[PDB]
Amino acid sequence: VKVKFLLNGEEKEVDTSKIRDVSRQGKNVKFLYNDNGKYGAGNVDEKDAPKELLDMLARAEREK
Amino acid sequence: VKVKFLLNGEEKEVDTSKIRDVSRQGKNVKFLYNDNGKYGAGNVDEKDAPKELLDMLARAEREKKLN
Amino acid sequence: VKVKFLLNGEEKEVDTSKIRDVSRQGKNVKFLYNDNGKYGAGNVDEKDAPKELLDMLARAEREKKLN
Amino acid sequence: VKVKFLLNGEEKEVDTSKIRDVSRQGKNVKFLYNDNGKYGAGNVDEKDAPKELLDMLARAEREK
Ligand SMILES: [Cl-]
């Protein structure tokens, strides 16, 4: 699915299939993703995170 | 060791220990970092990248050619 | 920042700026480094890896899952 | 081809197809290689380096 997120306050979008590492501090879900061959980063409030991304977050937390 | 750069026209400084990824496009060094629970992204010219950051870049590029 | 380890039963110290690659096998942290024109390899338990070296390990593992 | 080399003074061997970065300081040709999914390192005197490895060294020097 598509994730709408901010990086340096700018609105961007990426498919969840590109997402590689996910974590949460307070309301912010931060993640790294494959940005056409190099890493990119994003930030999304937890309330705005799609089901698929929340699933990734909880899996990543289980792996910590 | 601090990396000083411009973030949306504002002067910012980030400790190298906060840097999570670094990449290069020509003379530009792009870095992703932790900032108070968020990820931020900065860019510096290679001349303004501290040696510690350039060493991270060389490791990242070596890891990318391992396969 | 120095990494202190045993190299063929001898006490050795290497500056983190000399480290070229780092990997982990269980609790073992393996690192490849420059030493007077040669590459050497050391191993430390993760408890004896300085935070700077553990940060290099986390970057290497992130670069390995980018693809 | 096979390269016979030393790491921490111990004799090892690896195929040149695994070699990834090559450089030389004095008589020592040092290199990194893919060691079954993680990097390994080696050192070989230039006089003991096979043709294939010397070719890699000169290419790497041209890229510096
Ligand atoms: Cl690094």
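Keep in mind that the numbers below use all heavy atoms, side chains included, and drop hydrogens, waters and symmetry copies. Throughout, a chain's letter reflects where its sequence line sits, starting with A, and its residues are numbered from 1.
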Requested in this report: Answer yes or no: are there more than 12 heavy-atom neighbours, outside C:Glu11 itself, under 6.0 Å from its atom CD?
Outcome: no

**Report entry** Residue-level interface, residues 56-67 of chain B with chain C, non-hydrogen cut-off under 4.5 Å
**Finding:** B:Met56, B:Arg59, B:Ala60, B:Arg62, B:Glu63, B:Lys64, B:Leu66

Report task. Could you look at C:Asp55 and say if it's the side chain, the backbone, both or neither that has a heavy atom under 4.5 Å from chain B? Result -> side chain

